[PDB]
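The chain that follows stands alone, in the form deposited in one PDB entry, written as structure tokens.
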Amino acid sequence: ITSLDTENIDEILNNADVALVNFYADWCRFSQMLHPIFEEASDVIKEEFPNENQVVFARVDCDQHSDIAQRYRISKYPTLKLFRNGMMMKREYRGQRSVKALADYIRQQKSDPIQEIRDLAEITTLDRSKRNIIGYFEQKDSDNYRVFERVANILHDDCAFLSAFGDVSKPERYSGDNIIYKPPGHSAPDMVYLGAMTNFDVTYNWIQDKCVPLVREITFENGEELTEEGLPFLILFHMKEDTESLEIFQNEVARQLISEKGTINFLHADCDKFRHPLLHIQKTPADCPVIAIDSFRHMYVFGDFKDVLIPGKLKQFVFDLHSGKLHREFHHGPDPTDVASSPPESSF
């Protein structure tokens, strides 16, 4: 049960197929309760999963490395996060902190969610009220299959994943390995992915696009769970009758922000229900549509909504977050366009 420093963390988590990370602090009484329990689970599991990088338990002293904790937006202790090959999973571990409960959790997360087809007839009897994604491969031992198996482990909660190999899948491989999305119901045709199947990012992107919405609604009921995903929010606040704002926002996010997809969460929020957050940026529902970023540290305002129509402005807003420009302008006021400087401000 390893300890992650600011230098060895990327090496360790990337090489771990599954890693359960304990983000703790010494002053958290509940953190100290966990260290023996996290050790015992670590050994119960180290025996059931002996091989190198099958399951890897680590921990992060969030006092020592405030930057690491800031990276995954850890704000309270202890917080247990799941990583697959160095990528944090949306769903935080919120089960009980018992040696038993941790072990059962790792047990599930290590189970194979992919159903292997043994006869192509099975595809005609799939449950069409769920979404189904079928991967047709020459062989299971292929870079193609390994990318697919990664995507399936990340997304099994969102979609059913199936596989077929060799002689079974040959009739569907006229043009090589491919992936078929069977949409729910009977109203749309299958979509076929014949692209960069060794490319995790592109393949993950296409599959994920089929089974989670690009812009989700944040509500009181799902806010905490969305915060637990570890990313800042890019939010459109808008009235329910206001469908044009959402349409514009959805299109500009889809056109401009695909490369940023995994570093920020795209959300929309009913401005009547979110009157209080709108206060924090000196807005009322009458002011909507409003675009804002919520970095958890602060909430930053985009400007006139009609500026989303200007090409690249939405991208630049996201870029200004990650560059630190939005934070700087929040305490120090707008950067110069092209005498001596004032003190930083609480809100400005």
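In this text, residue numbers run from 1 along the sequence as written. The term rigid core refers to the maximal set of C-alpha atoms that superpose within 1.5 Å between the two forms.
Per the record, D338 and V339 are separated by 4 to 9 deposited residues that are missing from the model. Higher mean CA temperature factor between 170 to 178 and 247 to 255: 170 to 178, per the PDB entry. Of the two segments examined, 257 to 265 and 109 to 117, it is 109 to 117 that shows the higher average Cα temperature factor in the deposited entry.
Note on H322, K313, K306, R29: the highest value goes to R29, judged by CA B factor as recorded. Out of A292, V318, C288, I37, the entry records its largest CA B-factor for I37. Per the deposited record, the Cα B-factor of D104 falls in the highest third when ranked against the other modelled residues of its chain. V301: CA B factor lies in the middle third for its chain, per the PDB record. Ranked by Cα temperature factor within the chain, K90 sits in the middle third according to the deposited record. The PDB entry assigns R131 a C-alpha temperature factor belonging to the lowest third of its chain's modelled residues. Residue-level temperature factors show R71 in the highest third of its chain, judged at the C-alpha atom.
Although it is not shown, the form deposited in another entry is what the next lines describe.
Once you line up the core between the shown form and the other one, the CA of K140 is the only one from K110, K81, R84, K140 that shifts by 2 Å or more. In a rigid-core overlay of the protein, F296 has its C-alpha displaced by at least 2 Å between the shown form and the other one. For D287, a C-alpha deviation of 2 angstroms or more is recorded between the shown form and the other one after rigid-core alignment.
Put the two forms on the same core and the Cα of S259 is off by 2 Å or more between the shown form and the other one.
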